[PDB]
Q: 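Could you have a look at this structure, given as structure tokens, before my questions?
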Amino acid sequence: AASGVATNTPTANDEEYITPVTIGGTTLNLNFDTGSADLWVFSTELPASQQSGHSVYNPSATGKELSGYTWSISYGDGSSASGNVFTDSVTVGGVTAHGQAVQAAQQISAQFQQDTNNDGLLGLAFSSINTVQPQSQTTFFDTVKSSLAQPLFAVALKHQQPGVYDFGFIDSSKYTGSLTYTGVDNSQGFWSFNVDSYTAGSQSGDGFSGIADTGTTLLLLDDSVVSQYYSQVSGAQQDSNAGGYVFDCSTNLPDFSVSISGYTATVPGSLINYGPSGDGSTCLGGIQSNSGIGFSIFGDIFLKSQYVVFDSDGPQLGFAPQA
Ligand SMILES: COC(=O)[C@@H]1Cc2cccc(c2)CNC(=O)C[C@H](NC(=O)[C@@H](NC(=O)CC(C)C)C(C)C)C(=O)N[C@@H](CC(C)C)P(=O)(O)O1
Ligand SMILES: *[C@H]1O[C@H](CO)[C@@H](O)[C@H](O)[C@@H]1O
Ligand SMILES: *[C@H]1O[C@H](CO)[C@@H](O)[C@H](O)[C@@H]1O
């Protein structure tokens with residue numbers, strides 16, 4: 001059976017996490033994203049000026065076209081990309097997917113034209129939300145899962161340190177105590193789960209649903225919860241140059257926790273200081289608004305506190321404090 005360890009590394013301020021992937025023999029640095037289901041890459045089909053600062057996929061060398069097939073994706077921050085489709089060999093942590101659909105970019109939006117830290121995305125959401133047309137394709141994980149020892153992957157994201165994506169096995173040294181599992185609702189293609197209650201510092205409230213999403217930097221909550229949290233943070237104010245609530249960098253921030261099937265997942269206040277906010281001398285908060293969408297986004301701020309098991313059997317998510 002197959003298993004492997006893929007090493008991730010945060011960019012500055014842990015904005016995103018990058019992991020190397022070898023496609024047709026070329027290694028690209030990709031953003032592993034449990035919130036989407038497309039494996040797309042910078043390619044030789046982009047204008048030459050947009051290739052600069054990247055490693056790029058050359059489909060002509062090793063790929064097999066899917067004639068007539070295309071892809072086009074849009075993300076929550078308004079970024080987007082599109083192109084055509086080839087199958088090729090894709091290796092992650094020593095585990096090879098043969099005949100994996102690789103979505104070669106022809107068009108990329110401004111955000112991607114400005115980010116030279118990644119060479120594309122590797123989606124790890126359910127394959128039902130893959131965007132390839134006219135027929136959807138499987139994620140790397142779904143392609144390999146029946147070859148793995150167990151049909152799961154697990155994630156340790158860290159603050160300013162390398163972390164892991166474990167494929168096909170659980171590393172019990174990555175967490176304290178035992179895992180607690182909760183049921184996943186895959187009806188919208190996400191790793192969605194329920195929380196029974198939350199604690200924002202000195203205030204608590206009722207539960208809600210949200211998605212485990214490695215591709216979102218922050219912990220995005222309802223505006224009522226965000227307001228409750230920052231009401232406890234002296235001097236907090238919104239700054240649209242920075243991206244939301246900011247505060248003095250020396251602030252002692254309250255913890256934030258959720259109740260997940262009887263387990264308390266706690267984000268220490270230290271992790272809620274995202275980093276310097278950008279002009280001047282404040283720090284951006286790691287908790288921000290979810291734009292009124294009606295569910296929460298358990299992004300990297302939250303995930304840095306946990307080891308998280310994404311198990312296709314169920315499906316289900318397992319949580320324990322990171323170690
Ligand atoms: C339709 O599904 C998506 O777009 C999914 C899931 C989702 C759903 C609802 C709301 C969000 C996220 C909530 N998330 C968002 O609205 C924004 C999110 N982008 C970010 O976090 C961006 N982060 C920053 O700009 C740093 C700032 C916030 C200090 C991005 C550069 C990593 C984002 O769109 N992430 C997608 C990947 C990214 C590389 C573009 P993801 O695939 O994780 O988003
Ligand atoms: C992941 O698990 C497989 C299956 O036991 C091993 O072969 C591999 O070395 C890694 O520990
Ligand atoms: C990624 O790299 C880290 C070491 O940098 C390993 O521990 C891991 O197994 C993988 O090679």
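All values below come from the heavy atoms of this structure, side chains included, with hydrogens, waters and symmetry mates left out. Residue numbers count from 1 along this sequence. Both counts, for ligands and for their atoms, begin at 1 and track the order of listing.
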Q: Establish whether atom 5 (O) of ligand 2 and some protein heavy atom are separated by less than 4.0 angstrom.
A: no
Q: Just wondering, are more than 12 heavy atoms of other shown residues or ligands nearer than 6.0 Å to CD in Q107?
A: no
Q: Where is the nearest protein heavy atom to atom 42 (O) of ligand 1: which residue, which atom, and how far?
A: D33 OD2, 2.4 Å
Q: Starting from atom 22 (C) of ligand 1, what is the nearest protein heavy atom, named by residue and atom, and what distance separates them?
A: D77 OD2, 3.5 Å
Q: Among protein heavy atoms, which sits nearest to atom 4 (O) of ligand 1, and what does the distance come to when rounded to 0.1 Å?
A: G76 N, 2.9 Å
Q: Should you measure from each heavy atom of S79, which atoms of ligand 1 turn up under 4.0 Å away?
A: 40 (C)
Q: Compare every heavy atom of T199 with every heavy atom of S204, then report the nearest pair and how far apart it is.
A: OG-OG1, 3.0 Å
Q: Among all the protein's non-hydrogen atoms, which is closest to atom 25 (O) of ligand 1, and how far away is it?
A: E15 OE2, 3.9 Å
Q: Looking only at protein heavy atoms, which one is nearest to atom 1 (C) of ligand 1, and how far off is it?
A: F190 CZ, 4.3 Å
Q: Quick check: does any side chain N or O of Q238 sit under 3.5 Å from a backbone N or O of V246, one acting as donor and the other as acceptor?
A: no
Q: Which residue and atom name correspond to the protein heavy atom nearest atom 14 (N) of ligand 1, and how close is it?
A: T216 OG1, 3.0 Å
Q: Quick one: which ligand 1 atoms are inside 4.0 Å of a heavy atom on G35?
A: 2 (O), 5 (C), 6 (C), 42 (O)
Q: As an exercise, identify every atom of ligand 1 less than 4.0 angstrom from a heavy atom of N31.
A: 39 (C)
Q: Show the atoms of ligand 1 that are less than 4.0 angstrom away from any heavy atom in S36.
A: 42 (O)
Q: Would you check if the distance from the ring center of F140 to the ring center of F167 is below 6.0 Å?
A: yes
Q: For residues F193 and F319, establish whether the separation of their ring centroids is below 6.0 Å.
A: yes
Q: Pull out every atom of ligand 3 sitting under 4.0 Å from any heavy atom of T7, numbered as shown with elements.
A: 1 (C), 2 (O), 3 (C), 6 (C), 8 (C), 10 (C), 11 (O)
Q: Could you measure the distance from the CG atom of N241 to the CG atom of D279? Nearest 0.5 Å is fine.
A: 5.0 Å
Q: With a cut-off of 4.0 Å, which atoms of ligand 1 are near a heavy atom of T217?
A: 21 (O), 22 (C), 23 (N), 24 (C), 26 (C), 32 (C)
Q: Nearest 0.5 angstrom please: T9 OG1 to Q161 CD, how far?
A: 11.0 Å
Q: Are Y307 and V258 connected into the same hydrophobic cluster when the rule is that any two of I, L, V, M, F, W, Y join if their side-chain heavy atoms are below 4.5 Å apart?
A: no
Q: I need the nearest protein heavy-atom contact for atom 10 (C) of ligand 2: residue, atom name and distance, please.
A: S3 OG, 2.3 Å
Q: Can you tell me how far apart CG (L221) and CD (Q288) are? Round to the nearest 0.5 Å.
A: 9.5 Å
Q: Atoms of ligand 1 less than 4.0 Å from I297 heavy atoms?
A: 9 (C), 10 (C), 11 (C), 13 (C)
Q: Going through the distances and angles, do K304 and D14 end up as a salt bridge (charged side-chain N to carboxylate O under 4.0 Å, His left out)?
A: CA-CA 10 Å; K304 278 178 261 174; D14 314 330; 2.8 Å; yes
Q: Closest heavy-atom contact between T34 and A212?
A: OG1-O, 2.8 Å
Q: Which residue holds the protein heavy atom closest to atom 43 (O) of ligand 1, what is that atom called, and what is the gap in Å?
A: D213 OD1, 2.5 Å
Q: Determine whether the side chain, the backbone, both or neither of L220 has a heavy atom under 4.0 Å from any heavy atom of ligand 1.
A: side chain
Q: I want to confirm something. Looking only at heavy atoms, which of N117, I211, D38 is nearest to atom 8 (C) of ligand 1?
A: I211
Q: Pick whichever of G123, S109, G215 has a heavy atom sitting closest to atom 36 (C) of ligand 1.
A: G215
Q: Among all protein heavy atoms in this structure, tell me which lies nearest to atom 31 (C) of ligand 1, with the distance rounded to 0.1 Å.
A: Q111 OE1, 3.6 Å
Q: With atoms numbered from 1 as shown, which atoms in ligand 3 lie under 4.0 angstrom from a non-hydrogen atom of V5?
A: 8 (C), 9 (O), 10 (C)
Q: Relative to the ring of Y75, is the ring of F112 parallel (under 30°), tilted (30 to 60°) or perpendicular (over 60°)?
A: perpendicular
